[PDB]
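Q: One file is attached below, coords.cif, containing mmCIF, C-alpha atoms.
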```cif
data_data
#
loop_
_atom_site.label_atom_id
_atom_site.label_comp_id
_atom_site.auth_asym_id
_atom_site.auth_seq_id
_atom_site.Cartn_x
_atom_site.Cartn_y
_atom_site.Cartn_z
CA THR A 1 90.28 42.90 28.55
CA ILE A 2 90.07 40.54 31.52
CA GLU A 3 90.28 43.54 33.86
CA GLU A 4 87.15 45.05 32.28
CA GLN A 5 85.09 41.88 32.69
CA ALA A 6 86.42 41.47 36.24
CA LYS A 7 85.25 45.02 37.00
CA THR A 8 81.86 44.19 35.47
CA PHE A 9 81.62 41.05 37.61
CA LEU A 10 82.49 43.04 40.74
CA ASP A 11 79.88 45.67 39.87
CA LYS A 12 77.26 42.95 39.39
CA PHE A 13 78.21 41.29 42.69
CA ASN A 14 78.16 44.54 44.67
CA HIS A 15 74.49 45.23 43.94
CA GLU A 16 73.44 41.70 44.90
CA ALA A 17 75.57 41.43 48.05
CA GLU A 18 74.32 44.57 49.81
CA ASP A 19 70.63 43.63 49.71
CA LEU A 20 71.22 40.16 51.18
CA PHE A 21 73.69 41.42 53.79
CA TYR A 22 71.17 44.02 54.94
CA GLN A 23 68.54 41.30 55.37
CA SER A 24 70.95 39.10 57.32
CA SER A 25 71.99 42.00 59.57
CA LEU A 26 68.34 42.94 60.13
CA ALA A 27 67.52 39.35 61.10
CA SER A 28 70.43 39.31 63.55
CA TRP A 29 69.29 42.66 64.97
CA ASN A 30 65.75 41.34 65.40
CA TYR A 31 67.02 38.22 67.16
CA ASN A 32 69.18 40.28 69.53
CA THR A 33 66.35 42.76 70.14
CA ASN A 34 63.80 40.10 71.16
CA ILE A 35 65.07 36.65 72.17
CA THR A 36 62.46 34.31 70.67
CA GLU A 37 62.94 30.89 69.12
CA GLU A 38 61.27 31.90 65.84
CA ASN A 39 63.81 34.71 65.47
CA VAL A 40 66.52 32.08 65.97
CA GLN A 41 65.27 30.16 62.93
CA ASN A 42 64.83 33.35 60.89
#
```
What does this structure look like when you write it as structure tokens?
A:
Amino acid sequence: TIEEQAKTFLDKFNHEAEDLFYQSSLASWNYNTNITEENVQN
């Protein structure tokens, strides 16, 4: 019972985490690619 809802919670979290992590990694990549102060804030 609790295992099923835990699995559902993990499935819900997996979809949301990947999109935000990709954006964070892309922002870090952009900052490292071109060292500008606006990229620091982003």
Q: Could you give me the centre and size, in Å to one decimal, of an axis-aligned box around all listed atoms of stretch 17-25 of chain A with 3 Å added on every side, as JSON?
A:
```
{"center_x": 72.1, "center_y": 41.8, "center_z": 53.8, "size_x": 13.0, "size_y": 11.5, "size_z": 17.5}
```
Q: Could you please determine the separation between atom CA of residue A:20 and atom CA of residue A:39 in Å, to one decimal place?
A: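 The value is 17.0 Å.
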Q: Would you compute the distance between atom CA of residue A:38 and atom CA of residue A:24? Give it in Å to one decimal.
A: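 Computing it gives 14.8 Å between the two atoms.
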Q: Rounded to one decimal place, report the atom CA of residue A:36-atom CA of residue A:23 distance in Å.
A: 17.9 Å
Q: Fewer than 4 positions away in the same chain doesn't count, so skip those; otherwise give me all residues within 10 Å of stretch 26-30 of chain A, counting only C-alpha atoms, as a PyMOL selection string.
A: chain A and resi 20-22+34-36+39-42
Q: Where atoms are missing, can you supply N, CA, C and O atoms for stretch 17-28 of chain A and output the lot as a PDB file, keeping the file's coordinate frame?
A:
```
ATOM      1  N   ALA A  17      75.095  41.760  46.711  1.00  0.00           N
ATOM      2  CA  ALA A  17      75.570  41.430  48.050  1.00  0.00           C
ATOM      3  C   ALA A  17      74.946  42.326  49.111  1.00  0.00           C
ATOM      4  O   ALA A  17      74.625  41.860  50.211  1.00  0.00           O
ATOM      5  N   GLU A  18      74.787  43.617  48.808  1.00  0.00           N
ATOM      6  CA  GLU A  18      74.320  44.570  49.810  1.00  0.00           C
ATOM      7  C   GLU A  18      72.908  44.244  50.282  1.00  0.00           C
ATOM      8  O   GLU A  18      72.617  44.304  51.483  1.00  0.00           O
ATOM      9  N   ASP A  19      72.017  43.901  49.348  1.00  0.00           N
ATOM     10  CA  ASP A  19      70.630  43.630  49.710  1.00  0.00           C
ATOM     11  C   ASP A  19      70.527  42.422  50.639  1.00  0.00           C
ATOM     12  O   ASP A  19      69.783  42.451  51.626  1.00  0.00           O
ATOM     13  N   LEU A  20      71.267  41.353  50.340  1.00  0.00           N
ATOM     14  CA  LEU A  20      71.220  40.160  51.180  1.00  0.00           C
ATOM     15  C   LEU A  20      71.905  40.384  52.519  1.00  0.00           C
ATOM     16  O   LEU A  20      71.436  39.886  53.552  1.00  0.00           O
ATOM     17  N   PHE A  21      73.016  41.127  52.528  1.00  0.00           N
ATOM     18  CA  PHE A  21      73.690  41.420  53.790  1.00  0.00           C
ATOM     19  C   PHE A  21      72.817  42.273  54.697  1.00  0.00           C
ATOM     20  O   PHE A  21      72.823  42.078  55.917  1.00  0.00           O
ATOM     21  N   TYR A  22      72.073  43.225  54.128  1.00  0.00           N
ATOM     22  CA  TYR A  22      71.170  44.020  54.940  1.00  0.00           C
ATOM     23  C   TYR A  22      70.088  43.155  55.574  1.00  0.00           C
ATOM     24  O   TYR A  22      69.741  43.338  56.745  1.00  0.00           O
ATOM     25  N   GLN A  23      69.546  42.201  54.813  1.00  0.00           N
ATOM     26  CA  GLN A  23      68.540  41.300  55.370  1.00  0.00           C
ATOM     27  C   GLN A  23      69.117  40.438  56.480  1.00  0.00           C
ATOM     28  O   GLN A  23      68.475  40.241  57.520  1.00  0.00           O
ATOM     29  N   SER A  24      70.328  39.912  56.282  1.00  0.00           N
ATOM     30  CA  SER A  24      70.950  39.100  57.320  1.00  0.00           C
ATOM     31  C   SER A  24      71.217  39.916  58.582  1.00  0.00           C
ATOM     32  O   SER A  24      70.960  39.454  59.703  1.00  0.00           O
ATOM     33  N   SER A  25      71.726  41.140  58.417  1.00  0.00           N
ATOM     34  CA  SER A  25      71.990  42.000  59.570  1.00  0.00           C
ATOM     35  C   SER A  25      70.697  42.379  60.277  1.00  0.00           C
ATOM     36  O   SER A  25      70.660  42.445  61.509  1.00  0.00           O
ATOM     37  N   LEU A  26      69.629  42.636  59.519  1.00  0.00           N
ATOM     38  CA  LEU A  26      68.340  42.940  60.130  1.00  0.00           C
ATOM     39  C   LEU A  26      67.791  41.748  60.900  1.00  0.00           C
ATOM     40  O   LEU A  26      67.220  41.925  61.981  1.00  0.00           O
ATOM     41  N   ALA A  27      67.945  40.534  60.365  1.00  0.00           N
ATOM     42  CA  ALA A  27      67.520  39.350  61.100  1.00  0.00           C
ATOM     43  C   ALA A  27      68.305  39.176  62.389  1.00  0.00           C
ATOM     44  O   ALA A  27      67.732  38.852  63.437  1.00  0.00           O
ATOM     45  N   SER A  28      69.623  39.390  62.333  1.00  0.00           N
ATOM     46  CA  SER A  28      70.430  39.310  63.550  1.00  0.00           C
ATOM     47  C   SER A  28      70.011  40.374  64.559  1.00  0.00           C
ATOM     48  O   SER A  28      69.931  40.099  65.764  1.00  0.00           O
TER      49      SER A  28
END
```
